[PDB]
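> take this sequence and fold it.
(chains A, B, C, D, E, F and G, ligands or ions: 5)
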Amino acid sequence: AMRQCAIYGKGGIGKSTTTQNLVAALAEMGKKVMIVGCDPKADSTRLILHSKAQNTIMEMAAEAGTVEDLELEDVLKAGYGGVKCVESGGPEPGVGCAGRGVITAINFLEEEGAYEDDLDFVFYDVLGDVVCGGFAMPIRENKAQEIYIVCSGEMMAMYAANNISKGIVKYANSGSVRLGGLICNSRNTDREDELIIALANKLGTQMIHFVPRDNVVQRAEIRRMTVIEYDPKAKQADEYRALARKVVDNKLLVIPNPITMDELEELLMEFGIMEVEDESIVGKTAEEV
Amino acid sequence: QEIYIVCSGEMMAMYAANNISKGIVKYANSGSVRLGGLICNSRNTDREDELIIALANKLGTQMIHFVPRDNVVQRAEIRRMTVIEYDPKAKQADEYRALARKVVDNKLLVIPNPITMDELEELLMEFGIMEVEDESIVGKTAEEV
Amino acid sequence: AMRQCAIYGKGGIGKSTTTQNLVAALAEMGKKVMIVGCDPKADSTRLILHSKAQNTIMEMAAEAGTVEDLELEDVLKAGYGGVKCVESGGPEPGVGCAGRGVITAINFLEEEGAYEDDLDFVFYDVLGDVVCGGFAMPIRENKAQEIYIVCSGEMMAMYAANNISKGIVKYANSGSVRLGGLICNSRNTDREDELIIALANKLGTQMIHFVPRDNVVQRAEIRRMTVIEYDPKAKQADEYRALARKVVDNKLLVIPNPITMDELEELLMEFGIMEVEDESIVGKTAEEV
Amino acid sequence: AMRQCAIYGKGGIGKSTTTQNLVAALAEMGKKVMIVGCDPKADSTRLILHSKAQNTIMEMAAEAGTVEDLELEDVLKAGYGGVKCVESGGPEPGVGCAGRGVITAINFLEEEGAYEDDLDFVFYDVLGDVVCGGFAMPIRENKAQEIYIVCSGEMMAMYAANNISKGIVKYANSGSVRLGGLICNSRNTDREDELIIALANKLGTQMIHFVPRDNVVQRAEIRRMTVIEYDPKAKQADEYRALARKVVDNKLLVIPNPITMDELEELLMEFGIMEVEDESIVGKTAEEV
Amino acid sequence: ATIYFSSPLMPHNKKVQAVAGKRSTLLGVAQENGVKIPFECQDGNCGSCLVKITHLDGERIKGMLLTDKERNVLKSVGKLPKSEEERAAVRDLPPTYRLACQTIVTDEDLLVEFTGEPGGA
Amino acid sequence: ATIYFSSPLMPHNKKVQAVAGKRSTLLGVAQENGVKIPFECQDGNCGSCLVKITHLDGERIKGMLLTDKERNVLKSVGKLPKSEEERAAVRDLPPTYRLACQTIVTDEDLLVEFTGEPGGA
Amino acid sequence: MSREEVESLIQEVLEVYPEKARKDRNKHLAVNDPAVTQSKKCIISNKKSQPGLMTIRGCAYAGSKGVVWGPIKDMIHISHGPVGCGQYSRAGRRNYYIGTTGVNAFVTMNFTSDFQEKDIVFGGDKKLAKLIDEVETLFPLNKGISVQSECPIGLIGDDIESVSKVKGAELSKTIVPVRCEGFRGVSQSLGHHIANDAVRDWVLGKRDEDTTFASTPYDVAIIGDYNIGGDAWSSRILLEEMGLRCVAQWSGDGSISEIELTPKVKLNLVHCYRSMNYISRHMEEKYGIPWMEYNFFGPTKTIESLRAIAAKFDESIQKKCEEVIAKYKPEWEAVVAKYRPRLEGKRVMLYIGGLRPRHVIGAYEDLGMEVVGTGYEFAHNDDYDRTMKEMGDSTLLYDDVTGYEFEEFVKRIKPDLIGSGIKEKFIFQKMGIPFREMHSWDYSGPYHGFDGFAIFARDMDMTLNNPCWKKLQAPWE
Ligand code: ICS
Ligand code: CLF
Ligand code: SF4
Ligand code: FES
Ligand code: FES
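Residues are numbered from 1 along each chain as shown, chains lettered A, B, ... in the order given. Ligands and ions are numbered 1, 2, ... in the order given. Shown next is the protein structure:
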């Protein structure tokens, strides 16, 4: 009854903090969870462990004798709430696929038996800038049963969500990979939540929640701690708890309907994110025409 | 043959610049590929202009030009026209022309000695983009401690 | 705080004497230094140990069965000022690669613990007459943190310096190996001092010091003693102390952008080492044309 | 009846010029000859072709499709006297054995059939700094029937000759490789010829000739021509002709007797190259003892 | 046992049938079949016959003894990382780089690659 | 035909007996024997099934047709140098890098190596 | 004794050695520190033996033919080579079995090619084929043939794999060529590895495509138990009173069919890690069968191992395990009550091959006996990692001990009992120090399980408290 979930999101919108807070909320709710940080950067699994730059699976493999002699205790470390978090890491930027670490980490964890123990949730934190190679490996294989997309108000986040939905619909007929819903991180945009709701409607899915931005998150991350561990009584704490409650009770798994670029532009123009461009102003400059 | 990295005051931009620099040195043996110099885009950060020059010298390169943010560029974008074709008399056009001239007579082609993650952390801590934290309450509840 | 340095260069230009004088000048400052010679001939530590043909690691290992039986006391001998000296040696010509001696010596020293005690500097004296993978072990591996090339006005010395610089950039991605700066040995060439500085800037480095030729160094060599231990009040000792001081506070570690063969030809043509020839009688008899 | 000869000599004593002049003298004496320049630098085969930097076999192989698609006409070019000269070249200085080009060139030439044509002399120009890897490949195999060593007055040239003789005696029982004799290039040393004669006597061989130094050689090389082609009437021209006459009439092929380092020092001390070092002066400095 | 000799010098890889466990140590096989691996010594202390051996069967790799002579020569050449030395010492599994004059052929399919160069470089 | 699948992902190289010339194109063989080569398309225009094929027999290499689709995909990925393209076009000899979804097994011994990554990188 | 006395003793012993041998032997001796987990920081192992020092190790032939392949009863084991290797190892190991010897079982029979000088010069590949034909002629009920190579076989260059394949194709019989030459390894451990490789490559995979075997969720296999004195039997019953069905034993009282049926089980219980981990890992990798190490020496270890094995299964198996423990509790309690007062405080020094120097420690602890020193002949550093957590602080450890080293250690420490092989028994029996053969159980046993613990205690009491150890000193001296 293990639930394999993958949080896909482009870098730069605080995906790691949302994932770690959701995992902490699930841990405090009497659930045993595991984190695999598929981000090439080691930003994930830092707030839970309270230790910066947990050693990656790639670094430990290159340390001595590749994967074969690597012990399971060296890669995953217990953190807050009794969770087990392991960092995958990435190769040298110049050489190889940037998602090779994801493939190596998943294959190592499957062979070692880190999943066969009694776990309920396994969360893969994956970048959404490019859905290809090792980044699309969880989707291409049946490693991630549910996919949750962390989106934002800017164009790039919505485009990344559309690309991830395209990858979901590509392998829909092979495995049981489904898009559970969209998670929104607040960029303080006035119409951000409504724009995400509209995008989820166009993708044929639900917006599972909307995470507001507040300085308590910044204080928690500057102290290398989760908001829930920093202040269980804060409003953001119960917000994350409600998000976890909705995630664990979620039953809407659907093959999405990716939208075209023009339809994506329609949402931005409609919700005021992007201004409407008149056809007459194009091609002619000021102070001449 | 020549690489020009566009970076900003944000930490992710540098990080990407450092990754590109590490990629450059990997294949420097095979062919003649060198870093011409970092370019900048003003995100209206107070220390943004002086942050990038602190990186160019540490990478052995030069900040070729600091580009300032102006509303004329954005108002030219909605016309689907470059700012130098839109308002040639604008000071933004004068900058861009200075940038182009510097690009032309740029003979500084060096291998970009890459910085490490902690070295990048230290400069961002120094310039106030992110604040230095030390021995704070870690792993403890805020009200408990 | 150990600064593992190496001194490459073409043989026959008095590289060994300059290196030994430099190490003796370091030792005069109280720095704990160690010389690890890498030439097939054990001539690299004959002016500090006051000895003749110091026993090599290869010979001792051959006579003592294997390297597993050798003792550090036999290999490592102390000299003037406390600078411990080790000669790697080399194999017989016809058998195998000639660069096994340096690799064996480095492994033996790192296994016995000679590096870890208190050393501030560990100079490797490598023969750079031919740049091959056997002698490039300090560069191919991360043993030689800093490189100092000994060059002269002669074209072969530069050529060797350029080859070493090309070798450095090949392995710069793997480890932190940088060119500290070119050193010079005065062959009494008029343009020799200004020729090397024309190379250091073109290689992105600095000529750390121009060493002038003096008869006192040669008269100290026949005593099997360094010139700074022979005549401390000599100006040669002052210049060698300046060289040592510059070596100490040298923070310029850059990747040596290599020059091409024609670029090296042009500078030698300019400085009068060789004269420029153009459209002369070529392929024709002198009396015929 | 093909005569395979190899001229072994350390770089920096003008081996290439002597080899090219000897080959030209043999060509003018009604003999069809071939040159393989095994020097990693392309200095060889430059005076005969009158063209700088003939393309190497390694460069042409790396140009397109390695050795297999390489045409025999691309690598060897006809030069003065109707000779066929081909440059072997070398790899990148940092990677691989510096003598790999020798192995690749010899294997390519054997398979193509550049030897099966009617030739009388095939001269391999090989460096003597290190006798190992591809440099010792002609000696290790039976590719070079006769070996001629270019020696000089300094210690390094004699040591290189001793090392080459050690390689000759190593494979004496396997193939027919023999040391024909020693060739001396004048370093303007007063007792150079007598020192070379003494060294040949100690090695159990003959000094085939002594080549004096004169400015006609410099004028020929600055015009990218052989002395014989530049001025057949010059004294150096007939000197090279006599050297060729002695080489083609040479019948003394002997396994040499390598000498120890101390015996080599004895020759230098005896002939005034190196001063005699008294034991009392060692260990004590001036103005103190 | 089937041994596939591969090298840049060789125009094509050569397939050779060999008898396992003979006193000839895969050099003898190479010399019988004309494969030219550089062997330049008679005691075993040089690195010239260095080769890279890949076990093509994977599930048929045999246990072997890594003699201290071969181990020391490989460490002197620099083709024996700490992990592979530990694996050979503890689990009796062969390393990736071997010396072709001290390697006894086992009953499996092997791919032997050499560069026609001495072991060191 | 004997095919040896090798990869960093695979704990050991796998030896597989295969029938030459089947419509299954060495992907079918990999999928039958559990070897996991990344195949992410059904027409043949991606580079994911890129593999490196080494002919272990050398003197038993068979002639084959390099279809313009496979050639264009290999050139788009960048694993088809001019020399190998010319060799395939003129002498009908296979290149070193192939696409595991378009490579028909021939009656020889082959070593197929993949990195578990798409063709481009 | 403290760590300071033991190190002084170690240096005094090593003082007599030549400097190279002294340096080599200094690495193999250490004083136990239970806080150390990485034994490589203290003890080196699996190294060659120093020539001329009278070691106690064996050969790869002993490890393969003598230890692993030998106990298989339904097969015929040819000793290819001269007569001596096969003759000396015949019936010297007490691996019990059930069968009609010479008809369907062949454990205590010596089959050899008996090489003469005409076979060293002209080879022996035709003699092997003729021998296989004669074996098939005279022993028709054999279920397989295993040709164990002796030293000359590898040196003269004999191809036995080809002969095995040809004759197996001809006779439709399983013929396994084992290249267990004596010179191939430094000790018997490489013999274990070679024998496991032969089993994996020639026998194990025969029934990969057969599904006619009726598997159950309670199927287990006993791996690395060679039935010395009946040991495996005493274990097997203890595993069938808990409801588990032992499908195969490897290899004591084992048959070629149980080996082939082994891949059809749900768990591999490995007793000797050293000799059978090579095949346990292969089975886990290929068939997915998990494996675990169990110890049946003494009541405590037996109870712990039974509880772990039950925990590997469902609740009914755990209830049956508790029932078995409750049933056998009074039996071993009576043995302890009778024998512990007699064996309280006694000090023991052990030196056995690769498993028992750490397995039997629990049995001596249950009788109040302290192991003041243990060591192996051919153990690796996976064995010393497991050992360091078993021995007490400041206890001596040795690896590949020589005769001189062992004798001097025994003379200084003066243990009350010594456990080692036949080659040391009389050396210490002439020194007035009681000795127990821990290899063959001194022709007694079994020692595994709860039934073997009584025999263990009785033997230890009868040897340590024998009245023959008080009479060595003549009354007139
Ligand atoms: S197989 Fe081994 S020497 Fe594990 S070779 Fe040896 S019948 Fe010993 S300590 Mo004789 S690794 Fe068995 C053994 Fe132990 S023959 Fe017996 S007693 S438990
Ligand atoms: S290591 Fe045999 S006892 Fe020996 S002299 Fe030959 S007949 Fe006699 Fe092992 S395989 Fe055997 S037991 Fe030795 S010989 Fe080798
Ligand atoms: S790499 Fe250098 S030292 Fe080694 S064999 Fe080649 S030329 Fe000789
Ligand atoms: S040839 Fe010298 S090591 Fe094998
Ligand atoms: S899988 Fe698309 S090319 Fe083979």
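> so where do the helices sit in chain E?
Counting by DSSP state H, chain E has helices at residues E:27-32, E:68-77, E:82-91.
> residue B:93: which of those is closest?
helix E:82-91 (60.3 Å; C-beta to C-beta). Quick note: C-beta positions are derived from backbone N, CA and C, even for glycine.
> buried sites along the closest one?
Neighbour-count burial for helix E:82-91, with 16 or more other C-beta atoms under 10 Å in any protein chain shown as criterion, is recorded at E:84, E:87-91.
> nearest to chain C among the residues you listed?
residue E:89 (13.3 Å; C-beta to the nearest C-beta).
> list the contacts for the closest residue to that closest one other than its chain neighbours?
Nearest residue to residue E:89, sequence neighbours excluded (C-beta to C-beta, 6 or more residues apart in numbering or on different chains): residue G:46, at 5.9 Å. Residues near residue G:46 by C-beta atoms under 8 Å, 6 or more residues apart in numbering or on different chains: E:89-90, G:186-187, G:189, G:378-381.
> need those residues in JSON lines with distance to residue C:21 and secondary structure, can you?
Formatted as JSON lines, these follow (distance: C-beta to C-beta, whole Å; DSSP: H, G, I helix; E, B strand; the rest coil):
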{"residue": "E:89", "distance to residue C:21": "45", "secondary structure": "helix"}
{"residue": "E:90", "distance to residue C:21": "49", "secondary structure": "helix"}
{"residue": "G:186", "distance to residue C:21": "51", "secondary structure": "coil"}
{"residue": "G:187", "distance to residue C:21": "55", "secondary structure": "coil"}
{"residue": "G:189", "distance to residue C:21": "56", "secondary structure": "helix"}
{"residue": "G:378", "distance to residue C:21": "56", "secondary structure": "coil"}
{"residue": "G:379", "distance to residue C:21": "55", "secondary structure": "coil"}
{"residue": "G:380", "distance to residue C:21": "52", "secondary structure": "coil"}
{"residue": "G:381", "distance to residue C:21": "48", "secondary structure": "coil"}
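> tell me which of those is nearest to ligand 5?
Ligand 5 lies nearest to residue E:90 out of the contacts of residue G:46, by C-beta to the nearest ligand atom, at 40.6 Å.
> could the contacts of residue G:46 be laid out in CSV, adding distance to ligand 1?
Listed next are those as CSV, based on distance: C-beta to the nearest ligand atom, whole Å:
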residue, distance to ligand 1
E:89, 18
E:90, 16
G:186, 13
G:187, 9
G:189, 8
G:378, 7
G:379, 8
G:380, 11
G:381, 15
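> how about those in TSV, adding distance to residue E:29?
Output for these, formatted as TSV (distance: C-beta to C-beta, whole Å):
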residue	distance to residue E:29
E:89	27
E:90	29
G:186	25
G:187	28
G:189	28
G:378	31
G:379	35
G:380	31
G:381	34
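> please report which of the residues you listed has the highest neighbour count.
Highest neighbour count within the contacts of residue G:46: residue G:189, with 30 neighbours (other C-beta atoms under 10 Å in any protein chain shown).
> now do the contacts for that one.
E:92, G:46, G:63, G:274-275, G:354, G:378-380.
> just residue G:456 next, same as before
G:297-298, G:363, G:447.
> could you work out the most separated pair of those residues?
Across the contacts of residue G:456 (C-beta to C-beta), the longest gap, 9.1 Å, separates G:298 and G:447.
> hey, what's in contact with both of the two?
Contacts common to residue G:298 and residue G:447, judged by C-beta under 8 Å, 6+ apart, are G:360, G:363, G:453, G:456.
> how about the strands in chain G?
Under the criterion DSSP state E, chain G carries strands at the ranges G:29-31, G:76-80, G:111-112, G:145-149, G:175-178, G:219-225, G:245-251, G:268-270, G:291-293, G:347-350, G:370-376, G:396-399, G:417-420, G:435-437.
> many thanks, we can stop here.
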